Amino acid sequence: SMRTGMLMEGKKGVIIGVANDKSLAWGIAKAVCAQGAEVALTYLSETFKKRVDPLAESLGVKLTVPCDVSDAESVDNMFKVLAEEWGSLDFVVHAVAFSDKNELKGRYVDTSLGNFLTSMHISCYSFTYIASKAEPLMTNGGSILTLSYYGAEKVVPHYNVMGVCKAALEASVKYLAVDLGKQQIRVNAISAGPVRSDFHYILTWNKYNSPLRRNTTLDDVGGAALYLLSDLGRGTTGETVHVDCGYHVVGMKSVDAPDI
């Protein structure tokens, strides 16, 4: 639980998507809390609250609030609570995605309408709606951040409809940046490499072929989130920053990496 710097001192923000200590949302929470941020964590509903409690305790988080990002009334209530507790907000982190697991295993061309719309609602639209509700609380400027992946830009096998959803999200970041920039609110994404069967293969491929010859870590993603959410990042908006050990630059499997 050790705080190690003061880069986020005096900044208050909500992180949406921390359900365990292995996730990207957790890596970001740990990084900003270690730099003095005052954080609220969300949990899906009362039934799943006891899972967030100890994560909040280790971070030093004192405010946890219910939020189901597919439910407009739940999101509205969450911001009402933050408004009452804090009056203003400095940052929002949106680390939530959803898509049908079985359709990911199939071909993209076989995607069903229901899965397409559900995935788009949770993975893409929720960010826009959340941004709309955060705006009146972010009077003194601030920073809103979401997460993406290289499958938004190039075809990654079995990422299917999530690639399409993340492409939509990356575009939404740009349109949001224009709307919210009038209030000095930045809007950005981190395009993260995979962090350590299908998943094992993608992770190994990234290890073998990335320029740094390692996988992305939670600490890497936390560092980038600190840039974007602190005063260091005041001049960057509408951007998708790759935090993937350089994988995005590679146009072909390394000649001396093994095929797998």
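Start at 1 with the first residue shown and count on from there.
The stretch of deposited sequence separating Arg196 from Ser197 contains 4 to 9 residues lacking coordinates in this entry. As listed in the deposited structure, the average C-alpha B-factor of 200 to 208 and of 47 to 55 is greater for 47 to 55. The PDB entry records a higher mean C-alpha B factor for 3 to 11 than for its counterpart among 250 to 258 and 3 to 11.
Of the candidates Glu170, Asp179, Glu85, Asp110, it is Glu85 whose Cα B-factor is highest according to the PDB record.
Per the PDB record, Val61 has a higher Cα B-factor than any other of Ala192, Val61, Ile28, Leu232. In the deposited entry, the Cα temperature factor of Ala97 sits in the middle third of values across the chain's modelled residues. Sort the chain's modelled residues by C-alpha temperature factor and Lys133 lands in the middle third, per the entry. Compared with the other modelled residues of the chain, the Cα B-factor recorded for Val75 ranks in the middle third. The PDB entry assigns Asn160 a C-alpha temperature factor belonging to the middle third of its chain's modelled residues.
Among the modelled residues of its chain, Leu228 has a C-alpha B-factor that falls in the lowest third, as given in the PDB entry.
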